[PDB]
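Participant: This is the structure I have questions about; it appears just below.
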Amino acid sequence: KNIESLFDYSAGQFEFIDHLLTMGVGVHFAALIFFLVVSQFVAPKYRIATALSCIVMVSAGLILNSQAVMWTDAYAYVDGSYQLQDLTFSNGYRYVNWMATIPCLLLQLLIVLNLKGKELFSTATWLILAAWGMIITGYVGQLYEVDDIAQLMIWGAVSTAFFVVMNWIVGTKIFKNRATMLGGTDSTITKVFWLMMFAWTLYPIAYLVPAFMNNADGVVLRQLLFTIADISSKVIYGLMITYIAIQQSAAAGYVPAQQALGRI
Ligand SMILES: *C/C=C(C)/C=C/C=C(C)/C=C/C1=C(C)CCCC1(C)C
Ligand SMILES: CCCCCCCC/C=C/CCCCCCCC(=O)O
Ligand SMILES: CCCCCCCC/C=C\CCCCCCCC(=O)O
Ligand SMILES: [Cl-]
Ligand SMILES: [Cl-]
């Protein structure tokens, strides 16, 4: 059902995809240890935002590791190229994982925005429903990336509608609650918005690769885009979320945060 299955791969193509996925694992588990260790410097009100980065790191790291082993299981070097064996490789599993990781990314943002109570629960609920709409409709569309490109486009448009509405919820909350934020993080949080707009848009671009580059180099491009997108949307984003948490914590008087920021 997926374009990866259509092609044989050069050793270069195959080894590059393997290295991209493997590097992805390493970056996410490296960042995991950073988040774990810095969490002690985060005030209770925010500490779950840092814990969510740990959860996203393992989740994304495990999907990348899964993809990497599936890639090596699926292909063997036969008659001068890597050819499909009995097991299959697919990006479908990333979609399933987004059902968990996207809500985690959105919740960590709501936490540092100082939302709480009813507003937090209601905002999270609408964001998660929009996210799930996006992800499910996209998952369905990509089943057609070989057999019916028109269907892939239409499901893609539906998904993009959910995306745009989600992004409008996010920006609305960010630009409304920016003024509650401490320690100068009212400025930092605007950069977080733009980082999300940029990084998250890489996913629909990857989605469309079967429409504009249906060949083995397109397969490579798609994995490359997911790699850039994962690192930006999870790791760089989590690092900014954690900086914001620690800075707000120190401004609120949490002494471990003040001491951590002091000794750097
Ligand atoms: C860490 C993983 C992240 C942030 C994943 C984000 C995924 C998206 C923003 C996906 C969006 C899509 C569209 C807007 C249209 C095409 C189908 C999807 C699901 C790829
Ligand atoms: C936020 C940035 C994240 C960067 C992650 C990506 C790093 C890897 C960069 C690779 C550059 C391209 C290498 C050349 C491709 C060879 C093509 C081939 O034969 O398949
Ligand atoms: C197994 C694959 C290769 C091993 C990867 C190990 C190298 C890790 C490099 C970067 C990971 C990013 C983690 C960011 C932590 C904070 C960075 C910082 O404080 O500047
Ligand atoms: Cl607190
Ligand atoms: Cl993920």
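Lettering and numbering for the structure tokens are positional, with chains as A, B, ... in the shown order, residues counted from 1 in each chain, and ligands counted from 1 in the shown order.
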DSSP on the backbone, alpha helix (DSSP H) only: what residues of range 229-259 of chain A does that give? Format it as an NGL selection string.
Facilitator: :A and (229-230 or 237-251 or 255-259)
Participant: Output N, CA and C atoms for every residue in the selection just made, as a PDB file, in the first residue's frame.
Facilitator:
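Below is the file selection21.pdb, written as the result:
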ATOM      1  N   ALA A 229      11.752  17.022  11.173  1.00  0.00           N
ATOM      2  CA  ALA A 229      10.510  17.346  11.809  1.00  0.00           C
ATOM      3  C   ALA A 229      10.471  16.794  13.248  1.00  0.00           C
ATOM      4  N   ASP A 230      10.898  15.557  13.416  1.00  0.00           N
ATOM      5  CA  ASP A 230      10.899  14.917  14.760  1.00  0.00           C
ATOM      6  C   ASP A 230      11.822  15.678  15.680  1.00  0.00           C
ATOM      7  N   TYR A 237      11.706  21.695  20.531  1.00  0.00           N
ATOM      8  CA  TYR A 237      10.536  22.114  21.224  1.00  0.00           C
ATOM      9  C   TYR A 237      10.565  21.789  22.749  1.00  0.00           C
ATOM     10  N   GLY A 238      10.915  20.562  23.118  1.00  0.00           N
ATOM     11  CA  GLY A 238      10.986  20.189  24.512  1.00  0.00           C
ATOM     12  C   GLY A 238      12.055  20.984  25.239  1.00  0.00           C
ATOM     13  N   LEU A 239      13.193  21.262  24.621  1.00  0.00           N
ATOM     14  CA  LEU A 239      14.205  22.048  25.217  1.00  0.00           C
ATOM     15  C   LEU A 239      13.674  23.500  25.495  1.00  0.00           C
ATOM     16  N   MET A 240      12.913  24.073  24.580  1.00  0.00           N
ATOM     17  CA  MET A 240      12.329  25.383  24.806  1.00  0.00           C
ATOM     18  C   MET A 240      11.262  25.378  25.889  1.00  0.00           C
ATOM     19  N   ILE A 241      10.424  24.351  25.911  1.00  0.00           N
ATOM     20  CA  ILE A 241       9.398  24.173  26.924  1.00  0.00           C
ATOM     21  C   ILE A 241      10.067  24.076  28.317  1.00  0.00           C
ATOM     22  N   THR A 242      11.134  23.297  28.400  1.00  0.00           N
ATOM     23  CA  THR A 242      11.851  23.107  29.678  1.00  0.00           C
ATOM     24  C   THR A 242      12.549  24.413  30.124  1.00  0.00           C
ATOM     25  N   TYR A 243      13.141  25.143  29.198  1.00  0.00           N
ATOM     26  CA  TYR A 243      13.756  26.433  29.523  1.00  0.00           C
ATOM     27  C   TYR A 243      12.649  27.340  30.113  1.00  0.00           C
ATOM     28  N   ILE A 244      11.495  27.383  29.494  1.00  0.00           N
ATOM     29  CA  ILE A 244      10.393  28.209  29.897  1.00  0.00           C
ATOM     30  C   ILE A 244       9.885  27.779  31.308  1.00  0.00           C
ATOM     31  N   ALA A 245       9.812  26.479  31.535  1.00  0.00           N
ATOM     32  CA  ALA A 245       9.391  25.969  32.810  1.00  0.00           C
ATOM     33  C   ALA A 245      10.377  26.384  33.888  1.00  0.00           C
ATOM     34  N   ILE A 246      11.656  26.226  33.661  1.00  0.00           N
ATOM     35  CA  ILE A 246      12.663  26.505  34.657  1.00  0.00           C
ATOM     36  C   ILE A 246      12.695  28.042  34.937  1.00  0.00           C
ATOM     37  N   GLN A 247      12.604  28.857  33.871  1.00  0.00           N
ATOM     38  CA  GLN A 247      12.649  30.278  34.030  1.00  0.00           C
ATOM     39  C   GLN A 247      11.428  30.788  34.792  1.00  0.00           C
ATOM     40  N   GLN A 248      10.233  30.266  34.556  1.00  0.00           N
ATOM     41  CA  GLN A 248       9.061  30.665  35.254  1.00  0.00           C
ATOM     42  C   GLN A 248       9.171  30.210  36.758  1.00  0.00           C
ATOM     43  N   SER A 249       9.780  29.036  36.929  1.00  0.00           N
ATOM     44  CA  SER A 249       9.925  28.463  38.263  1.00  0.00           C
ATOM     45  C   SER A 249      10.843  29.435  39.102  1.00  0.00           C
ATOM     46  N   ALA A 250      11.926  29.871  38.544  1.00  0.00           N
ATOM     47  CA  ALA A 250      12.896  30.711  39.214  1.00  0.00           C
ATOM     48  C   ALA A 250      12.230  32.075  39.498  1.00  0.00           C
ATOM     49  N   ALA A 251      11.464  32.580  38.554  1.00  0.00           N
ATOM     50  CA  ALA A 251      10.735  33.868  38.796  1.00  0.00           C
ATOM     51  C   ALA A 251       9.682  33.761  39.857  1.00  0.00           C
ATOM     52  N   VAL A 255      13.633  27.828  44.683  1.00  0.00           N
ATOM     53  CA  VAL A 255      15.060  27.943  44.865  1.00  0.00           C
ATOM     54  C   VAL A 255      15.918  26.991  44.031  1.00  0.00           C
ATOM     55  N   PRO A 256      15.483  25.691  43.850  1.00  0.00           N
ATOM     56  CA  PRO A 256      16.354  24.854  42.968  1.00  0.00           C
ATOM     57  C   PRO A 256      16.492  25.421  41.540  1.00  0.00           C
ATOM     58  N   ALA A 257      15.424  26.065  41.052  1.00  0.00           N
ATOM     59  CA  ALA A 257      15.497  26.664  39.690  1.00  0.00           C
ATOM     60  C   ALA A 257      16.429  27.867  39.688  1.00  0.00           C
ATOM     61  N   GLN A 258      16.321  28.724  40.718  1.00  0.00           N
ATOM     62  CA  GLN A 258      17.217  29.865  40.831  1.00  0.00           C
ATOM     63  C   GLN A 258      18.661  29.421  40.933  1.00  0.00           C
ATOM     64  N   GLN A 259      18.938  28.404  41.720  1.00  0.00           N
ATOM     65  CA  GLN A 259      20.288  27.899  41.846  1.00  0.00           C
ATOM     66  C   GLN A 259      20.794  27.250  40.564  1.00  0.00           C
TER      67      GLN A 259
END
Participant: What are the nearest atom pairs, with distances in Å to one decimal, for all residues of chain A that come at most 9 Å from ligand 2, using only C-alpha atoms and all ligand atoms, set out by chain and rising residue number as a Markdown table?
Facilitator:
| residue | atom | partner | partner_atom_place_in_ligand_line | distance |
| --- | --- | --- | --- | --- |
| A:10 | CA | ligand 2 | 19 (O) | 7.7 |
| A:11 | CA | ligand 2 | 19 (O) | 8.2 |
| A:12 | CA | ligand 2 | 19 (O) | 4.7 |
| A:13 | CA | ligand 2 | 20 (O) | 3.9 |
| A:14 | CA | ligand 2 | 20 (O) | 7.4 |
| A:15 | CA | ligand 2 | 20 (O) | 8.0 |
| A:16 | CA | ligand 2 | 20 (O) | 5.7 |
| A:17 | CA | ligand 2 | 20 (O) | 7.6 |
| A:19 | CA | ligand 2 | 8 (C) | 8.6 |
| A:20 | CA | ligand 2 | 8 (C) | 6.5 |
| A:23 | CA | ligand 2 | 5 (C) | 8.3 |
| A:24 | CA | ligand 2 | 5 (C) | 8.0 |
| A:216 | CA | ligand 2 | 20 (O) | 8.8 |
| A:217 | CA | ligand 2 | 20 (O) | 6.7 |
| A:220 | CA | ligand 2 | 20 (O) | 6.2 |
| A:221 | CA | ligand 2 | 20 (O) | 8.4 |
| A:224 | CA | ligand 2 | 6 (C) | 6.5 |
| A:225 | CA | ligand 2 | 6 (C) | 8.3 |
| A:227 | CA | ligand 2 | 5 (C) | 5.7 |
| A:228 | CA | ligand 2 | 3 (C) | 4.3 |
| A:229 | CA | ligand 2 | 1 (C) | 7.3 |
| A:230 | CA | ligand 2 | 3 (C) | 8.2 |
| A:231 | CA | ligand 2 | 1 (C) | 5.6 |
| A:232 | CA | ligand 2 | 1 (C) | 5.4 |
| A:236 | CA | ligand 2 | 1 (C) | 7.9 |
Participant: With N, CA and C atoms kept, could you save the residues just selected as a PDB file, in the first residue's frame?
Facilitator:
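New file result22.pdb:
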ATOM      1  N   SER A  10      19.494   1.298  -3.697  1.00  0.00           N
ATOM      2  CA  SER A  10      20.907   1.171  -3.679  1.00  0.00           C
ATOM      3  C   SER A  10      21.437   0.969  -2.291  1.00  0.00           C
ATOM      4  N   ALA A  11      22.651   0.471  -2.144  1.00  0.00           N
ATOM      5  CA  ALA A  11      23.256   0.363  -0.819  1.00  0.00           C
ATOM      6  C   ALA A  11      23.310   1.750  -0.146  1.00  0.00           C
ATOM      7  N   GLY A  12      23.584   2.780  -0.940  1.00  0.00           N
ATOM      8  CA  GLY A  12      23.631   4.155  -0.414  1.00  0.00           C
ATOM      9  C   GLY A  12      22.302   4.608   0.155  1.00  0.00           C
ATOM     10  N   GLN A  13      21.224   4.431  -0.543  1.00  0.00           N
ATOM     11  CA  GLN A  13      19.892   4.811  -0.169  1.00  0.00           C
ATOM     12  C   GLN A  13      19.515   4.041   1.118  1.00  0.00           C
ATOM     13  N   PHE A  14      19.730   2.735   1.048  1.00  0.00           N
ATOM     14  CA  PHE A  14      19.322   1.873   2.150  1.00  0.00           C
ATOM     15  C   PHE A  14      20.093   2.213   3.431  1.00  0.00           C
ATOM     16  N   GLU A  15      21.378   2.377   3.345  1.00  0.00           N
ATOM     17  CA  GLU A  15      22.233   2.634   4.486  1.00  0.00           C
ATOM     18  C   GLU A  15      21.923   4.060   5.046  1.00  0.00           C
ATOM     19  N   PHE A  16      21.610   4.977   4.201  1.00  0.00           N
ATOM     20  CA  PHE A  16      21.292   6.364   4.627  1.00  0.00           C
ATOM     21  C   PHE A  16      20.010   6.393   5.434  1.00  0.00           C
ATOM     22  N   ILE A  17      18.984   5.720   4.979  1.00  0.00           N
ATOM     23  CA  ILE A  17      17.723   5.609   5.741  1.00  0.00           C
ATOM     24  C   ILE A  17      17.961   4.942   7.092  1.00  0.00           C
ATOM     25  N   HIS A  19      20.744   4.898   8.832  1.00  0.00           N
ATOM     26  CA  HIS A  19      21.492   5.811   9.650  1.00  0.00           C
ATOM     27  C   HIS A  19      20.603   6.966  10.139  1.00  0.00           C
ATOM     28  N   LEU A  20      19.679   7.455   9.328  1.00  0.00           N
ATOM     29  CA  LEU A  20      18.778   8.547   9.724  1.00  0.00           C
ATOM     30  C   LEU A  20      17.941   8.072  10.931  1.00  0.00           C
ATOM     31  N   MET A  23      20.193   7.503  14.081  1.00  0.00           N
ATOM     32  CA  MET A  23      20.562   8.771  14.651  1.00  0.00           C
ATOM     33  C   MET A  23      19.390   9.391  15.425  1.00  0.00           C
ATOM     34  N   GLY A  24      18.202   9.282  14.885  1.00  0.00           N
ATOM     35  CA  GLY A  24      16.964   9.750  15.499  1.00  0.00           C
ATOM     36  C   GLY A  24      16.797   9.101  16.870  1.00  0.00           C
ATOM     37  N   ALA A 216      12.526   6.114  -5.518  1.00  0.00           N
ATOM     38  CA  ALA A 216      13.323   5.699  -4.382  1.00  0.00           C
ATOM     39  C   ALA A 216      13.941   6.929  -3.695  1.00  0.00           C
ATOM     40  N   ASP A 217      14.317   7.971  -4.455  1.00  0.00           N
ATOM     41  CA  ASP A 217      14.859   9.173  -3.819  1.00  0.00           C
ATOM     42  C   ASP A 217      13.768   9.919  -3.052  1.00  0.00           C
ATOM     43  N   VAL A 220      13.664   8.376   0.351  1.00  0.00           N
ATOM     44  CA  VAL A 220      14.694   8.905   1.162  1.00  0.00           C
ATOM     45  C   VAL A 220      14.314  10.329   1.687  1.00  0.00           C
ATOM     46  N   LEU A 221      13.838  11.192   0.764  1.00  0.00           N
ATOM     47  CA  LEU A 221      13.415  12.540   1.137  1.00  0.00           C
ATOM     48  C   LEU A 221      12.369  12.499   2.269  1.00  0.00           C
ATOM     49  N   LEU A 224      13.982  11.788   5.508  1.00  0.00           N
ATOM     50  CA  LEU A 224      14.761  12.907   5.850  1.00  0.00           C
ATOM     51  C   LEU A 224      13.847  14.035   6.494  1.00  0.00           C
ATOM     52  N   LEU A 225      12.715  14.294   5.896  1.00  0.00           N
ATOM     53  CA  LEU A 225      11.797  15.292   6.355  1.00  0.00           C
ATOM     54  C   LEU A 225      11.226  14.891   7.754  1.00  0.00           C
ATOM     55  N   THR A 227      12.751  13.166   9.903  1.00  0.00           N
ATOM     56  CA  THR A 227      13.849  13.294  10.808  1.00  0.00           C
ATOM     57  C   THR A 227      14.065  14.711  11.286  1.00  0.00           C
ATOM     58  N   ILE A 228      14.046  15.660  10.330  1.00  0.00           N
ATOM     59  CA  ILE A 228      14.129  17.055  10.628  1.00  0.00           C
ATOM     60  C   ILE A 228      12.928  17.472  11.508  1.00  0.00           C
ATOM     61  N   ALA A 229      11.752  17.022  11.173  1.00  0.00           N
ATOM     62  CA  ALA A 229      10.510  17.346  11.809  1.00  0.00           C
ATOM     63  C   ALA A 229      10.471  16.794  13.248  1.00  0.00           C
ATOM     64  N   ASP A 230      10.898  15.557  13.416  1.00  0.00           N
ATOM     65  CA  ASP A 230      10.899  14.917  14.760  1.00  0.00           C
ATOM     66  C   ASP A 230      11.822  15.678  15.680  1.00  0.00           C
ATOM     67  N   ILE A 231      13.041  15.936  15.258  1.00  0.00           N
ATOM     68  CA  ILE A 231      14.010  16.582  16.053  1.00  0.00           C
ATOM     69  C   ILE A 231      13.535  18.000  16.438  1.00  0.00           C
ATOM     70  N   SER A 232      12.952  18.709  15.494  1.00  0.00           N
ATOM     71  CA  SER A 232      12.466  20.061  15.733  1.00  0.00           C
ATOM     72  C   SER A 232      11.225  20.087  16.611  1.00  0.00           C
ATOM     73  N   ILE A 236      13.912  20.025  20.044  1.00  0.00           N
ATOM     74  CA  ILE A 236      14.106  21.438  20.168  1.00  0.00           C
ATOM     75  C   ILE A 236      12.940  22.061  20.897  1.00  0.00           C
TER      76      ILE A 236
END
Participant: Once you count only C-alpha atoms, what closest atom pair and distance in Å to one decimal does each residue of range 1-98 of chain A within 8 Å of range 108-119 of chain A have, with rows by chain and rising residue number, as a tab-separated table?
Facilitator:
residue	atom	partner	partner_atom	distance
A:46	CA	A:111	CA	6.3
A:48	CA	A:108	CA	7.4
A:49	CA	A:108	CA	4.4
A:50	CA	A:108	CA	7.6
A:52	CA	A:108	CA	6.4
A:53	CA	A:108	CA	7.8
Participant: Using only C-alpha atoms, pick whichever of A:58, A:161, A:120, A:6 has the shortest atom-to-atom distance to residue 147 in chain A.
Facilitator: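 Nearest candidate to residue 147 in chain A out of A:58, A:161, A:120, A:6: A:6.
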Participant: Can you work out which residues are within 7 Å of ligand 5, considering only C-alpha atoms and all ligand atoms, and then hand them over as JSON, numbers by chain?
Facilitator: {"A": [59, 60, 63, 94, 97, 98, 101]}
Participant: Using only C-alpha atoms and all ligand atoms, find each residue of chain A with at least one atom at most 6 Å away from an atom of ligand 3; report its shortest atom-to-atom pair and that distance in Å (one decimal), sort the rows by chain and rising residue number, and return the result as a Markdown table.
Facilitator:
| residue | atom | partner | partner_atom_place_in_ligand_line | distance |
| --- | --- | --- | --- | --- |
| A:22 | CA | ligand 3 | 2 (C) | 5.6 |
| A:23 | CA | ligand 3 | 2 (C) | 4.2 |
| A:26 | CA | ligand 3 | 2 (C) | 3.8 |
| A:27 | CA | ligand 3 | 11 (C) | 4.1 |
| A:30 | CA | ligand 3 | 11 (C) | 4.9 |
| A:31 | CA | ligand 3 | 13 (C) | 3.8 |
| A:34 | CA | ligand 3 | 15 (C) | 5.5 |
Participant: Write the residues of the selection above to a file with C-alpha atoms, as a short mmCIF file (atom, residue, chain, number, x, y, z; two decimals), in the first residue's frame.
Facilitator:
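What follows is the written file part.cif:
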data_model
loop_
_atom_site.label_atom_id
_atom_site.label_comp_id
_atom_site.auth_asym_id
_atom_site.auth_seq_id
_atom_site.Cartn_x
_atom_site.Cartn_y
_atom_site.Cartn_z
CA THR A 22 19.29 5.22 14.08
CA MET A 23 20.56 8.77 14.65
CA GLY A 26 20.17 8.32 19.68
CA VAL A 27 19.15 12.00 19.74
CA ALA A 30 20.19 11.49 24.74
CA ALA A 31 17.63 14.28 25.21
CA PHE A 34 18.79 15.69 29.90
#
Participant: Please tabulate, as CSV, the residues of chain A that come within 10 Å of ligand 4, each with its closest pair of atoms and the distance in Å to one decimal, counting only C-alpha atoms and all ligand atoms and ordering rows by chain, then residue number upward.
Facilitator:
residue,atom,partner,partner_atom_place_in_ligand_line,distance
A:42,CA,ligand 4,1 (Cl),8.4
A:43,CA,ligand 4,1 (Cl),4.7
A:44,CA,ligand 4,1 (Cl),4.1
A:45,CA,ligand 4,1 (Cl),3.9
A:46,CA,ligand 4,1 (Cl),6.9
A:47,CA,ligand 4,1 (Cl),8.4
A:248,CA,ligand 4,1 (Cl),9.9
A:249,CA,ligand 4,1 (Cl),7.4
A:252,CA,ligand 4,1 (Cl),8.0
A:253,CA,ligand 4,1 (Cl),9.1
A:254,CA,ligand 4,1 (Cl),7.6
Participant: Keeping only N, CA and C atoms, write those residues as a compact mmCIF listing (two decimals), in the first residue's frame.
Facilitator:
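Generated output (selection_39.txt):
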# COMPACT_ATOMS: atom_id res chain seq x y z
N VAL A 42 12.66 22.14 38.34
CA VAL A 42 11.38 22.65 37.88
C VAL A 42 10.41 22.62 39.05
N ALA A 43 9.70 23.74 39.27
CA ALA A 43 8.70 23.84 40.34
C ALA A 43 7.56 22.92 40.12
N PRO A 44 6.88 22.46 41.16
CA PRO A 44 5.78 21.50 41.01
C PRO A 44 4.75 21.85 39.99
N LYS A 45 4.42 23.13 39.90
CA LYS A 45 3.34 23.61 38.97
C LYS A 45 3.69 23.26 37.50
N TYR A 46 4.98 23.14 37.19
CA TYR A 46 5.39 22.95 35.80
C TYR A 46 6.02 21.61 35.52
N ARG A 47 6.27 20.81 36.58
CA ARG A 47 7.21 19.71 36.47
C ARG A 47 6.63 18.66 35.52
N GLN A 248 10.23 30.27 34.56
CA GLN A 248 9.06 30.66 35.25
C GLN A 248 9.17 30.21 36.76
N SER A 249 9.78 29.04 36.93
CA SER A 249 9.93 28.46 38.26
C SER A 249 10.84 29.44 39.10
N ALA A 252 9.11 32.61 40.07
CA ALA A 252 8.10 32.36 41.08
C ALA A 252 8.75 32.09 42.46
N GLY A 253 10.07 32.08 42.53
CA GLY A 253 10.76 31.78 43.78
C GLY A 253 11.16 30.40 44.11
N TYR A 254 11.14 29.46 43.14
CA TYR A 254 11.56 28.10 43.40
C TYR A 254 13.07 28.07 43.45
Participant: What separation in Å, quoted to one decimal, exists between CA of residue 162 in chain A and CA of residue 133 in chain A?
Facilitator: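 Pair CA of residue 162 in chain A / CA of residue 133 in chain A returns 6.3 Å.
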Participant: Could you check how far CA of residue 41 in chain A sits from CA of residue 182 in chain A, in Å to one decimal?
Facilitator: 16.0 Å
Participant: Could you list, as a ChimeraX atom specification, all residues that come within 7 Å of ligand 1? Count only C-alpha atoms and all ligand atoms.
Facilitator: /A:95,98,101-102,134-135,137-139,156-157,159-160,163,200-201,203-204,207,230,233-234
Participant: May I ask which of the residues A:106, A:158, A:125, A:152 is the closest one to residue 174 in chain A, counting only C-alpha atoms?
Facilitator: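 The shortest atom-to-atom distance to residue 174 in chain A comes from A:106.
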Participant: Just how far from CA of residue 35 in chain A is CA of residue 191 in chain A, in Å to one decimal?
Facilitator: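 Separating CA of residue 191 in chain A from CA of residue 35 in chain A is a distance of 20.1 Å.
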